[PDB]
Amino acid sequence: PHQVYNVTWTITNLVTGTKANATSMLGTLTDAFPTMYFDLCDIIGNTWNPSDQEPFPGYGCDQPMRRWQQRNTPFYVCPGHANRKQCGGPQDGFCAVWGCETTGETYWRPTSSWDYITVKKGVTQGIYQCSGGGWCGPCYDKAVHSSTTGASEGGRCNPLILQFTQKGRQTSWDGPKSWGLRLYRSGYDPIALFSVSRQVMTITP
């Protein structure tokens, strides 16, 4: 009865244009606001991964330990849909100055009363010593070294969870909205850009 349409929400890698993930559900524009799930490594761009000449940088999506150390690093998120000059643009992840963040996971627990979403780390076993002392866990790509237990495809172990806020559930979604995500480190804070958009189509069969 309330299932008038098939609403699909998509999280997009801003730079590459690829789909980090998607979720569909039946309902209306006012009640279809599902919880989204995606991995950080599916939204990074060409300039995120540290160079190969760079010794144990502490983050990155191209190597298991890089992915693991990245997982244990805090991060903050800034909206790029509000046109706040002081926060800068995509090249700053919309976080040019402190106070631009509206969510994420850091010691000061950023939240917001005006932004449309919240983003927190999901659950993962990441990496752990198992049985024979070797390293086991999802951070390892099962398609790069099978046998290594826990190994997931892609080596995904940076799950993020996105939820819509009350303000988010009440704002208009005509056109995509973008956000920037930054790792909070003692040194450069790498930038990852993503977008959220909605499609509304008829049900089938």
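A residue's number is simply how far along the shown sequence it sits, counting from 1.
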Do the C-alpha atoms of 125 to 133 or of 75 to 83 have the higher average B factor in the entry?
125 to 133
Tell me which of 136 to 144 and 170 to 178 has the higher mean C-alpha B-factor in the deposited entry.
136 to 144
Among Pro57, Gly155, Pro159, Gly45, where is the Cα temperature factor highest, going by the PDB entry?
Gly155
Identity of residue with top Cα B-factor, from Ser24, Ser197, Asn21, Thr16:
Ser24
